Number of protein chains: 2
Amino acid sequence: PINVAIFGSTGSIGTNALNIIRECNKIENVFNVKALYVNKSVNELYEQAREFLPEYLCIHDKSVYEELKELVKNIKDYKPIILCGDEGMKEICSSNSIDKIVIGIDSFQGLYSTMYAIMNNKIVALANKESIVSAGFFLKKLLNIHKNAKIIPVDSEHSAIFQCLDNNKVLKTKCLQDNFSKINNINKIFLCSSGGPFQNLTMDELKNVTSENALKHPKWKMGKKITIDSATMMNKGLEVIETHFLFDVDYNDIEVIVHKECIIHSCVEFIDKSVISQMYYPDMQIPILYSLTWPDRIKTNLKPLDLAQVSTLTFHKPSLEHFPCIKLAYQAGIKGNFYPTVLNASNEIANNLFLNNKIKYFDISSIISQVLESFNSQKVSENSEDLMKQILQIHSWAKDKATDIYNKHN
Amino acid sequence: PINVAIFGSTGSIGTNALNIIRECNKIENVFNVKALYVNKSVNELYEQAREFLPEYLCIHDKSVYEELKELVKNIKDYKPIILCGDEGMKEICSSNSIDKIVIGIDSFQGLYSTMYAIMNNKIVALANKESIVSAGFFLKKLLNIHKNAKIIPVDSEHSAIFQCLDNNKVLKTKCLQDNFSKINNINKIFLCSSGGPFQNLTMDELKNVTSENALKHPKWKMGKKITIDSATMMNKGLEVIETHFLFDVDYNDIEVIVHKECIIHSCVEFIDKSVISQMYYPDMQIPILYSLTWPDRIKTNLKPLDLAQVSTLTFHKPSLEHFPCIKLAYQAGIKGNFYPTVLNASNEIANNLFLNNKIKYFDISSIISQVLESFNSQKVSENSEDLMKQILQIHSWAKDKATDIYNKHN
Ligand SMILES: NC(=O)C1=CN([C@@H]2O[C@H](COP(=O)(O)OP(=O)(O)OC[C@H]3O[C@@H](n4cnc5c(N)ncnc54)[C@H](OP(=O)(O)O)[C@@H]3O)[C@@H](O)[C@H]2O)C=CC1
Ligand SMILES: NC(=O)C1=CN([C@@H]2O[C@H](COP(=O)(O)OP(=O)(O)OC[C@H]3O[C@@H](n4cnc5c(N)ncnc54)[C@H](OP(=O)(O)O)[C@@H]3O)[C@@H](O)[C@H]2O)C=CC1
Ligand SMILES: CC(=O)N(O)CCCP(=O)(O)O
Ligand SMILES: CC(=O)N(O)CCCP(=O)(O)O
Ligand SMILES: [Ca+2]
Ligand SMILES: [Ca+2]
Ligand SMILES: [Mg+2]
Ligand SMILES: [Mg+2]
């Protein structure tokens with residue numbers, strides 16, 4: 001049995017992970033849910049702990065500890081180790097009876113657990129794209145030091161790419177490793193997007209969109225932050241940088257394509273021009289399960305894709321005028337250095353401002369752009385503890401800069 | 001370098017093979033054309049000889065053997081082994097100078113060179129599907145005896161399938177082995193078809209279509225035999241049986257789908273319900289090239305797939321009332337034994353009868369259907385040599401039968 005920890009178990013990714021683990025555990029003890037880790041949702045965590053009876057339970061916010069302890073006492077035959085904060089997360093990460101960790105923690109915050117998972121040589125099923133975008137160079141360093149650690153992508157497009165490749169060649173390398181794409185004969189990546197709710201809007205219509213419209217994603221049910229990133233296509237911007245770091249593909253060889261049916265999840269063009277693509281309904285259970293079974297597959301009872309019923313697949317190029325967040329992500333990635341860190345940080349601020357009705361659609365890219373323009377290149381630290389400190393200070397600088405730019409105007 | 005023999009070098013498959021070989025060699029010299037083998041086309045063979053200067057030349061037809069040597073004398077500083085008929089073919093197959101053999105000979109005839117290529121432990125890049133359909137279980141026997149021999153599918157849909165797999169799983173087995181689909185975690189195959197030129201016709205219009213209309217394929221430029229088969233969709237019926245043998249996929253697990261754009265060449269559904277497809281423009285150079293480079297890929301200067309430009313892909317189920325040959329192949333395949341031999345043989349006659357305007361569209365399936373019911377399941381010989389003789393005898397019986405049914409009605 002594979003022993004799995006679910007980090008951010010009460011969110012969209014974490015719930016999907018538990019869902020598919022349940023379906024796969026019908027007869028055989030394929031997975032063992034050893035640990036659940038959330039921020040604040042004690043009631044929801046208690047419902048999950050009742051079903052999965054994990055050895056470890058961790059709550060980031062220490063103020064709900066008593067509430068957790070009190071709810072858990074009602075479950076009989078159950079004495080879990082109940083842990084708290086960063087300490088509790090580090091304990092679970094260092095446990096010998098944990099093989100694989102699903103990071104479904106949102107935002108920059110997800111980097112702490114990713115880093116600690118890697119330092120303890122775990123398999124990391126990483127949904128959290130922010131840690132890769134803002135700290136790609138650093139995780140590469142870490143994976144170099146902790147050679148048994150692996151990042152297996154959960155982000156649906158990156159899972160799709162991973163699946164399209166030949167495992168005979170993927171097994172001779174590692175995500176984030178130099179020459180990944182050369183070993184895998186990758187010529188270019190088609191990054192597929194639903195295009196989000198705003199894909200058919202004119203410029204003047206875009207000017208007026210609000211967060212409530214933005215939260216109605218046509219194809220994926222997700223947490224609020226990634227849903228807002230999908231409306232602006234900053235999500236796809238972030239995924240361009242994620243592609244570059246994970247798979248070592250040049251920015252000029254990453255193409256964003258709007259595929260509104262969201263059946264094809266991304267495509268790989270190899271050096272002979274043959275293209276391989278991965279297809280399924282829009283359902284995170286596949287990419288989540290694959291990260292946990294790779295390099296094997298296991299049987300599921302998920303609904304089989306009916307191509308005849310689907311009937312039509314369409315593709316077009318996205319408009320960079322309507323979705324300038326994509327342009328900004330390419331620019332930050334191409335500039336290199338800590339610009340992706342600045343991108344991600346200033347987007348976290350602008351995303352949250354827009355979610356809370358404090359700025360308009362085009363102010364998001366305007367704030368991000370200004371912060372990027374403000375930032376001065378810094379020499380990258382050679383050693384890892386200092387590079388991590390550098391990353392934290394720049395991220396934190398960029399959030400405060402975005403807030404100041406916001407406060408100057410509105 | 002890779003030493004290649006091309007069998008049927010003057011046909012559609014053969015001509016595209018030499019083309020991709022030549023083009024790829026302009027980038028980096030990796031292929032060497034060691035042998036060319038044709039039926040009757042002395043002049044076209046001579047023109048090809050002058051370009052590629054192969055070590056071996058062979059012509060199947062004894063009566064133009066002298067004409068060939070006479071033409072080949074005109075070439076400066078060139079002294080090749082010029083061979084003749086079945087013996088010349090066997091000679092080339094047994095040459096240690098030859099690594100891989102492209103079989104682009106049409107019809108049942110392609111079986112002879114396929115079997116000698118296997119007996120000599122070569123990589124067989126097999127385009128000819130009639131040999132798999134009428135002799136599948138015998139080729140399977142032969143590959144269990146000659147353990148270093150490999151069939152690498154060139155037929156475009158089967159190459160598509162093969163390209164979608166992980167080669168660390170493929171290398172644990174090989175094409176045409178039992179359990180291939182279980183080792184590769186295959187659940188279902190989607191076999192994509194252009195639909196041919198009659199895809200939109202009524203039953204009434206189909207009744208009166210002529211071979212001239214059938215030869216205008218909307219997507220693939222190919223030889224006459226397979227083009228006629230694509231019009232009736234018998235090609236896809238033969239391809240269902242070919243899928244079953246190459247990949248050990250159950251007949252109830254193979255789905256034919258009409259994809260009129262011919263961008264997606266086929267799809268593989270794995271046991272987790274994830275689906276992987278190979279995509280390219282309708283161009284046989286890709287599947288041919290891959291058969292010669294597997295398990296690697298090489299750079300080409302082929303036009304890159306522009307998904308935005310392609311814009312729409314469509315998928316629907318074929319009508320078995322309009323294309324009854326599809327039904328017949330499933331029925332023959334499910335029956336097993338020598339029924340596929342009979343299906344292939346009687347189609348060879350009906351196809352040719354239709355090509356030459358002697359019968360009407362629905363007479364094709366009418367004839368094949370009557371030959372099939374006339375056949376009786378026969379005990380399968382357990383030594384390879386007697387099984388082969390059985391196959392020839394049954395194939396030959398089926399052709400005489402089909403001819404005799406035609407003669408009755410005419
Ligand atoms: N949802 C999706 O389909 C996809 C998500 N992703 C990525 O996955 C990540 C998570 O996304 P999603 O599931 O949608 O987000 P959600 O908002 O649904 O869930 C976030 C989860 O993380 C937990 N969490 C937040 N902070 C902490 C913390 N400090 N310590 C421990 N746990 C914490 C939350 O706990 P609590 O409930 O207590 O607040 C919650 O369980 C994001 O980075 C996103 O980009 C990527 C592709 C698709
Ligand atoms: N064409 C295509 O794109 C595809 C073809 N296939 C399969 O590939 C095979 C070949 O098809 P295609 O190229 O279209 O056929 P063609 O009709 O274009 O050419 C057939 C070739 O085989 C040669 N030939 C015939 N008999 C013999 C023999 N006795 N000994 C040596 N050579 C012989 C012919 O020589 P000669 O010129 O002297 O007559 C010719 O070169 C078929 O089985 C077909 O089903 C499968 C998928 C796609
Ligand atoms: C499922 C997934 O991995 N996402 O990143 C959300 C995709 C949203 P869009 O398809 O880019 O709008
Ligand atoms: C290229 C190929 O492999 N063929 O078998 C001919 C295709 C015929 P259709 O696509 O089924 O009409
Ligand atoms: Ca409290
Ligand atoms: Ca794969
Ligand atoms: Mg994604
Ligand atoms: Mg074919």
# chains A, B, ... in the order shown; residues from 1 in each chain; ligands from 1
call {"tool": "closest_atom_pairs", "arguments": {"of": "chain B", "to": "chain A", "cutoff": "6 Å", "atoms": "only C-alpha atoms", "output": "Markdown table"}}
result
| residue | atom | partner | partner_atom | distance |
| --- | --- | --- | --- | --- |
| B:166 | CA | A:166 | CA | 4.7 |
| B:167 | CA | A:168 | CA | 5.3 |
| B:168 | CA | A:168 | CA | 4.6 |
| B:271 | CA | A:299 | CA | 4.8 |
| B:272 | CA | A:299 | CA | 4.8 |
| B:273 | CA | A:304 | CA | 5.7 |
| B:274 | CA | A:280 | CA | 5.9 |
| B:275 | CA | A:279 | CA | 5.0 |
| B:276 | CA | A:278 | CA | 4.5 |
| B:277 | CA | A:277 | CA | 5.4 |
| B:278 | CA | A:276 | CA | 4.5 |
| B:279 | CA | A:275 | CA | 5.0 |
| B:280 | CA | A:274 | CA | 5.9 |
| B:298 | CA | A:272 | CA | 5.6 |
| B:299 | CA | A:272 | CA | 4.7 |
| B:300 | CA | A:272 | CA | 4.8 |
| B:304 | CA | A:273 | CA | 5.7 |
| B:308 | CA | A:316 | CA | 4.5 |
| B:311 | CA | A:315 | CA | 4.8 |
| B:312 | CA | A:314 | CA | 4.5 |
| B:313 | CA | A:313 | CA | 4.9 |
| B:314 | CA | A:312 | CA | 4.5 |
| B:315 | CA | A:311 | CA | 4.7 |
| B:316 | CA | A:308 | CA | 4.7 |
call {"tool": "write_last_selection", "arguments": {"atoms": "C-alpha atoms", "output": "PDB file, in the first residue's frame"}}
result
ATOM      1  CA  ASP B 166       5.230   3.902 -22.726  1.00  0.00           C
ATOM      2  CA  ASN B 167       8.157   2.041 -24.249  1.00  0.00           C
ATOM      3  CA  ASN B 168       9.280   0.724 -20.846  1.00  0.00           C
ATOM      4  CA  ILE B 271      -7.390   1.373 -17.553  1.00  0.00           C
ATOM      5  CA  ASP B 272      -7.700   4.605 -15.494  1.00  0.00           C
ATOM      6  CA  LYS B 273      -9.884   6.067 -18.345  1.00  0.00           C
ATOM      7  CA  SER B 274      -7.177   8.502 -19.445  1.00  0.00           C
ATOM      8  CA  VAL B 275      -7.043   8.742 -23.264  1.00  0.00           C
ATOM      9  CA  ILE B 276      -3.907   9.417 -25.342  1.00  0.00           C
ATOM     10  CA  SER B 277      -3.938  10.218 -29.109  1.00  0.00           C
ATOM     11  CA  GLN B 278      -1.337  10.835 -31.781  1.00  0.00           C
ATOM     12  CA  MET B 279      -1.921  13.790 -34.146  1.00  0.00           C
ATOM     13  CA  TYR B 280      -0.535  14.982 -37.424  1.00  0.00           C
ATOM     14  CA  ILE B 298      14.719  12.001 -34.953  1.00  0.00           C
ATOM     15  CA  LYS B 299      14.510  15.583 -36.238  1.00  0.00           C
ATOM     16  CA  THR B 300      12.633  16.225 -39.496  1.00  0.00           C
ATOM     17  CA  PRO B 304       4.524  21.563 -37.989  1.00  0.00           C
ATOM     18  CA  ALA B 308      -5.287  26.958 -34.526  1.00  0.00           C
ATOM     19  CA  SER B 311      -9.485  24.932 -35.868  1.00  0.00           C
ATOM     20  CA  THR B 312     -12.165  22.174 -35.705  1.00  0.00           C
ATOM     21  CA  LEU B 313     -12.004  18.408 -35.203  1.00  0.00           C
ATOM     22  CA  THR B 314     -15.164  16.276 -35.515  1.00  0.00           C
ATOM     23  CA  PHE B 315     -16.160  12.746 -34.485  1.00  0.00           C
ATOM     24  CA  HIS B 316     -19.164  10.561 -35.223  1.00  0.00           C
TER      25      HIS B 316
END
call {"tool": "residues_near_ligand", "arguments": {"ligand": "ligand 5", "cutoff": "6 Å", "atoms": "only C-alpha atoms and all ligand atoms", "output": "ChimeraX atom specification"}}
result
/A:63-64,66-67
call {"tool": "write_last_selection", "arguments": {"atoms": "C-alpha atoms", "output": "PDB file, in the first residue's frame"}}
result
ATOM      1  CA  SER A  63      -6.669  28.631  17.374  1.00  0.00           C
ATOM      2  CA  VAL A  64      -8.931  25.779  16.195  1.00  0.00           C
ATOM      3  CA  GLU A  66      -9.327  22.702  20.905  1.00  0.00           C
ATOM      4  CA  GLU A  67     -12.308  22.551  18.524  1.00  0.00           C
TER       5      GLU A  67
END
call {"tool": "residues_around", "arguments": {"residues": "residue 92 (chain A)", "least_positions_apart": "3", "cutoff": "10 Å", "atoms": "only C-alpha atoms", "output": "ChimeraX atom specification"}}
result
/A:5,34-37,55-58,83,87-89,95-98,101,113,116-117,120
call {"tool": "write_last_selection", "arguments": {"atoms": "C-alpha atoms", "output": "mmCIF file, in the first residue's frame"}}
result
data_model
loop_
_atom_site.group_PDB
_atom_site.id
_atom_site.type_symbol
_atom_site.label_atom_id
_atom_site.label_comp_id
_atom_site.auth_asym_id
_atom_site.auth_seq_id
_atom_site.Cartn_x
_atom_site.Cartn_y
_atom_site.Cartn_z
ATOM 1 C CA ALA A 5 -0.381 12.561 3.029
ATOM 2 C CA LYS A 34 -1.743 8.564 6.655
ATOM 3 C CA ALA A 35 -2.052 12.337 7.170
ATOM 4 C CA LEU A 36 -4.452 15.250 6.599
ATOM 5 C CA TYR A 37 -3.380 18.855 6.854
ATOM 6 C CA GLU A 55 -2.586 8.528 11.864
ATOM 7 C CA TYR A 56 -1.763 12.257 11.648
ATOM 8 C CA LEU A 57 -4.033 15.314 11.681
ATOM 9 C CA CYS A 58 -2.595 18.782 11.290
ATOM 10 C CA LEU A 83 -0.373 18.384 15.382
ATOM 11 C CA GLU A 87 6.036 22.195 13.415
ATOM 12 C CA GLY A 88 3.180 19.758 12.742
ATOM 13 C CA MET A 89 3.760 19.984 9.018
ATOM 14 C CA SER A 95 7.641 10.526 8.861
ATOM 15 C CA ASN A 96 9.133 7.290 7.481
ATOM 16 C CA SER A 97 5.683 5.764 6.909
ATOM 17 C CA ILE A 98 4.797 8.473 4.356
ATOM 18 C CA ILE A 101 2.413 13.887 -0.505
ATOM 19 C CA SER A 113 5.425 22.122 2.615
ATOM 20 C CA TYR A 116 10.033 20.146 3.417
ATOM 21 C CA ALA A 117 8.563 17.228 1.483
ATOM 22 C CA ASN A 120 12.713 14.454 3.443
#
call {"tool": "closest_atom_pairs", "arguments": {"of": "chain A", "to": "ligand 7", "cutoff": "7 Å", "atoms": "only C-alpha atoms and all ligand atoms", "output": "Markdown table"}}
result
| residue | atom | partner | partner_atom_place_in_ligand_line | distance |
| --- | --- | --- | --- | --- |
| A:155 | CA | ligand 7 | 1 (Mg) | 4.6 |
| A:156 | CA | ligand 7 | 1 (Mg) | 4.8 |
| A:157 | CA | ligand 7 | 1 (Mg) | 5.2 |
| A:239 | CA | ligand 7 | 1 (Mg) | 6.6 |
call {"tool": "write_last_selection", "arguments": {"atoms": "N, CA and C atoms", "output": "PDB file, in the first residue's frame"}}
result
ATOM      1  N   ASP A 155      -1.043  19.621 -11.788  1.00  0.00           N
ATOM      2  CA  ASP A 155      -1.692  20.631 -12.645  1.00  0.00           C
ATOM      3  C   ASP A 155      -2.058  19.966 -13.957  1.00  0.00           C
ATOM      4  N   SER A 156      -3.331  20.034 -14.348  1.00  0.00           N
ATOM      5  CA  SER A 156      -3.886  19.127 -15.375  1.00  0.00           C
ATOM      6  C   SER A 156      -3.139  19.145 -16.704  1.00  0.00           C
ATOM      7  N   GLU A 157      -2.665  20.323 -17.093  1.00  0.00           N
ATOM      8  CA  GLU A 157      -1.924  20.481 -18.335  1.00  0.00           C
ATOM      9  C   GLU A 157      -0.549  19.816 -18.235  1.00  0.00           C
ATOM     10  N   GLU A 239       1.195  28.930 -15.771  1.00  0.00           N
ATOM     11  CA  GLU A 239       1.467  27.588 -16.319  1.00  0.00           C
ATOM     12  C   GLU A 239       2.545  27.568 -17.421  1.00  0.00           C
TER      13      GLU A 239
END
call {"tool": "residues_around", "arguments": {"residues": "residue 243 (chain A)", "least_positions_apart": "3", "cutoff": "10 Å", "atoms": "only C-alpha atoms", "output": "count of residues only"}}
result
20
call {"tool": "select_by_dssp", "arguments": {"residues": "region 200-409 of chain B", "states": "strand (DSSP E or B)", "output": "JSON, numbers by chain"}}
result
{"B": [254, 255, 256, 257, 258, 264, 265, 266, 267, 268, 269, 270, 275, 276, 277, 278, 279, 312, 313, 314, 316]}
call {"tool": "closest_atom_pairs", "arguments": {"of": "chain A", "to": "ligand 3", "cutoff": "7 Å", "atoms": "only C-alpha atoms and all ligand atoms", "output": "CSV"}}
result
residue,atom,partner,partner_atom_place_in_ligand_line,distance
A:155,CA,ligand 3,3 (O),4.4
A:156,CA,ligand 3,3 (O),3.9
A:157,CA,ligand 3,3 (O),5.7
A:192,CA,ligand 3,10 (O),6.9
A:193,CA,ligand 3,10 (O),3.8
A:194,CA,ligand 3,10 (O),3.7
A:195,CA,ligand 3,12 (O),4.6
A:196,CA,ligand 3,12 (O),4.0
A:220,CA,ligand 3,1 (C),6.2
A:226,CA,ligand 3,6 (C),6.8
A:230,CA,ligand 3,12 (O),4.5
A:231,CA,ligand 3,12 (O),6.8
A:233,CA,ligand 3,11 (O),6.3
A:235,CA,ligand 3,11 (O),5.9
A:236,CA,ligand 3,11 (O),5.3
A:262,CA,ligand 3,10 (O),6.7
A:284,CA,ligand 3,1 (C),6.6
call {"tool": "write_last_selection", "arguments": {"atoms": "N, CA, C and O atoms", "output": "mmCIF file, in the first residue's frame"}}
result
data_model
loop_
_atom_site.group_PDB
_atom_site.id
_atom_site.type_symbol
_atom_site.label_atom_id
_atom_site.label_comp_id
_atom_site.auth_asym_id
_atom_site.auth_seq_id
_atom_site.Cartn_x
_atom_site.Cartn_y
_atom_site.Cartn_z
ATOM 1 N N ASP A 155 -1.043 19.621 -11.788
ATOM 2 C CA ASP A 155 -1.692 20.631 -12.645
ATOM 3 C C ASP A 155 -2.058 19.966 -13.957
ATOM 4 O O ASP A 155 -1.198 19.368 -14.589
ATOM 5 N N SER A 156 -3.331 20.034 -14.348
ATOM 6 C CA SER A 156 -3.886 19.127 -15.375
ATOM 7 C C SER A 156 -3.139 19.145 -16.704
ATOM 8 O O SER A 156 -3.023 18.112 -17.371
ATOM 9 N N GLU A 157 -2.665 20.323 -17.093
ATOM 10 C CA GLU A 157 -1.924 20.481 -18.335
ATOM 11 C C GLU A 157 -0.549 19.816 -18.235
ATOM 12 O O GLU A 157 -0.072 19.234 -19.198
ATOM 13 N N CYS A 192 -3.024 23.912 -23.487
ATOM 14 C CA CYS A 192 -4.454 24.077 -23.750
ATOM 15 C C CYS A 192 -5.224 24.751 -22.610
ATOM 16 O O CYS A 192 -4.991 24.483 -21.434
ATOM 17 N N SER A 193 -6.156 25.622 -22.980
ATOM 18 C CA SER A 193 -6.914 26.374 -22.011
ATOM 19 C C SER A 193 -8.370 26.369 -22.394
ATOM 20 O O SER A 193 -8.683 26.472 -23.570
ATOM 21 N N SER A 194 -9.260 26.298 -21.403
ATOM 22 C CA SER A 194 -10.682 26.570 -21.658
ATOM 23 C C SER A 194 -10.891 28.004 -22.101
ATOM 24 O O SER A 194 -11.851 28.296 -22.797
ATOM 25 N N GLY A 195 -9.991 28.894 -21.699
ATOM 26 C CA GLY A 195 -10.143 30.315 -22.007
ATOM 27 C C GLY A 195 -10.962 31.067 -20.969
ATOM 28 O O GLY A 195 -11.066 32.298 -21.030
ATOM 29 N N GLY A 196 -11.541 30.338 -20.013
ATOM 30 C CA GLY A 196 -12.250 30.956 -18.889
ATOM 31 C C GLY A 196 -13.566 31.601 -19.297
ATOM 32 O O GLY A 196 -13.980 31.499 -20.453
ATOM 33 N N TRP A 220 -14.320 23.997 -15.047
ATOM 34 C CA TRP A 220 -13.696 23.453 -13.830
ATOM 35 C C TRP A 220 -14.257 24.036 -12.543
ATOM 36 O O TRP A 220 -14.371 25.251 -12.406
ATOM 37 N N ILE A 226 -7.303 30.328 -7.948
ATOM 38 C CA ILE A 226 -7.138 29.795 -9.305
ATOM 39 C C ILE A 226 -8.312 30.101 -10.265
ATOM 40 O O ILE A 226 -8.101 30.310 -11.473
ATOM 41 N N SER A 230 -8.013 32.082 -13.797
ATOM 42 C CA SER A 230 -8.543 31.547 -15.059
ATOM 43 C C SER A 230 -9.373 32.561 -15.858
ATOM 44 O O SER A 230 -9.477 32.461 -17.084
ATOM 45 N N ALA A 231 -9.984 33.517 -15.163
ATOM 46 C CA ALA A 231 -10.804 34.528 -15.810
ATOM 47 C C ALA A 231 -9.913 35.518 -16.549
ATOM 48 O O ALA A 231 -10.212 35.902 -17.684
ATOM 49 N N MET A 233 -6.783 34.721 -17.368
ATOM 50 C CA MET A 233 -5.757 33.876 -18.003
ATOM 51 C C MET A 233 -4.359 34.068 -17.383
ATOM 52 O O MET A 233 -3.358 33.660 -17.969
ATOM 53 N N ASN A 235 -3.686 32.397 -14.882
ATOM 54 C CA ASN A 235 -3.446 30.979 -14.639
ATOM 55 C C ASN A 235 -2.532 30.355 -15.691
ATOM 56 O O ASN A 235 -1.548 29.701 -15.365
ATOM 57 N N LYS A 236 -2.882 30.593 -16.951
ATOM 58 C CA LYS A 236 -2.178 30.091 -18.095
ATOM 59 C C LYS A 236 -0.807 30.752 -18.192
ATOM 60 O O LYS A 236 0.186 30.087 -18.492
ATOM 61 N N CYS A 262 -12.382 21.757 -23.451
ATOM 62 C CA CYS A 262 -11.512 21.208 -22.394
ATOM 63 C C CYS A 262 -11.511 19.676 -22.351
ATOM 64 O O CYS A 262 -11.604 19.070 -21.271
ATOM 65 N N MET A 284 -10.271 16.572 -12.216
ATOM 66 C CA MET A 284 -8.926 16.492 -11.621
ATOM 67 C C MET A 284 -8.567 15.128 -11.037
ATOM 68 O O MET A 284 -7.407 14.881 -10.711
#
call {"tool": "closest_residue", "arguments": {"among": "B:197, B:340, B:85, B:11", "to": "ligand 4", "atoms": "only C-alpha atoms and all ligand atoms"}}
result
B:197
call {"tool": "atom_distance", "arguments": {"atom1": "CA of residue 48 (chain A)", "atom2": "CA of residue 154 (chain A)"}}
result
21.4 Å
call {"tool": "residues_around", "arguments": {"residues": "region 367-381 of chain A", "least_positions_apart": "6", "cutoff": "7 Å", "atoms": "only C-alpha atoms", "output": "JSON, numbers by chain"}}
result
{"A": [328, 337, 338, 339, 342, 343, 346, 347, 350, 387, 398, 401, 402, 405]}
call {"tool": "write_last_selection", "arguments": {"atoms": "N, CA, C and O atoms", "output": "CSV table (one decimal), in the first residue's frame"}}
result
chain,number,residue,atom,x,y,z
A,328,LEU,N,2.5,39.2,-19.8
A,328,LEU,CA,3.3,39.6,-18.7
A,328,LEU,C,4.0,38.4,-18.1
A,328,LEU,O,5.2,38.6,-17.6
A,337,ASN,N,15.8,35.5,-13.7
A,337,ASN,CA,16.2,36.1,-12.4
A,337,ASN,C,15.0,35.9,-11.4
A,337,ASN,O,14.5,34.8,-11.4
A,338,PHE,N,14.6,36.9,-10.6
A,338,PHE,CA,13.5,36.7,-9.7
A,338,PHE,C,12.2,37.3,-10.2
A,338,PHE,O,11.2,37.5,-9.5
A,339,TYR,N,12.1,37.7,-11.5
A,339,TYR,CA,10.9,38.2,-12.1
A,339,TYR,C,9.7,37.3,-12.0
A,339,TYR,O,8.6,37.8,-11.7
A,342,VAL,N,8.3,37.9,-8.6
A,342,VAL,CA,7.6,39.2,-8.5
A,342,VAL,C,6.2,39.1,-9.2
A,342,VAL,O,5.2,39.6,-8.7
A,343,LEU,N,6.2,38.5,-10.4
A,343,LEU,CA,5.0,38.1,-11.1
A,343,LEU,C,3.9,37.5,-10.2
A,343,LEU,O,2.8,38.0,-10.0
A,346,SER,N,2.8,39.7,-7.0
A,346,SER,CA,2.0,40.9,-7.3
A,346,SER,C,0.7,40.4,-7.8
A,346,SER,O,-0.3,41.1,-7.6
A,347,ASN,N,0.6,39.3,-8.5
A,347,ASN,CA,-0.6,38.7,-8.9
A,347,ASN,C,-1.4,38.2,-7.7
A,347,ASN,O,-2.6,38.4,-7.7
A,350,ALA,N,-3.1,41.5,-6.6
A,350,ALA,CA,-4.1,41.9,-7.5
A,350,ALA,C,-5.3,41.0,-7.7
A,350,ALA,O,-6.4,41.4,-7.8
A,387,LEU,N,19.3,31.4,-0.7
A,387,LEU,CA,18.4,31.6,-1.9
A,387,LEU,C,17.0,31.6,-1.5
A,387,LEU,O,16.2,32.4,-2.0
A,398,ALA,N,7.4,42.4,-3.2
A,398,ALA,CA,6.5,42.5,-4.3
A,398,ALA,C,5.1,42.6,-3.9
A,398,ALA,O,4.3,43.4,-4.5
A,401,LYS,N,4.8,46.2,-2.5
A,401,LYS,CA,4.8,47.1,-3.6
A,401,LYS,C,3.5,47.2,-4.3
A,401,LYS,O,3.0,48.2,-4.7
A,402,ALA,N,2.9,46.0,-4.6
A,402,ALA,CA,1.5,45.9,-5.2
A,402,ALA,C,0.5,46.6,-4.4
A,402,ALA,O,-0.4,47.3,-5.0
A,405,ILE,N,1.0,50.5,-4.7
A,405,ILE,CA,0.5,50.9,-6.0
A,405,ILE,C,-1.0,51.0,-6.0
A,405,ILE,O,-1.6,52.0,-6.5
call {"tool": "atom_distance", "arguments": {"atom1": "CA of residue 146 (chain B)", "atom2": "atom 24 (N, counted along the ligand's line) of ligand 2"}}
result
25.3 Å
call {"tool": "residues_around", "arguments": {"residues": "residue 227 (chain B)", "least_positions_apart": "2", "cutoff": "12 Å", "atoms": "only C-alpha atoms", "output": "number ranges by chain"}}
result
B: 12, 106, 194-198, 211-225, 229-236, 351-352, 354-355
call {"tool": "select_by_dssp", "arguments": {"residues": "region 77-237 of chain B", "states": "alpha helix (DSSP H)", "output": "PyMOL selection string"}}
result
chain B and resi 85-93+110-119+130-145+156-163+167-170+180-183+203-207+211-214+224-232+234-237
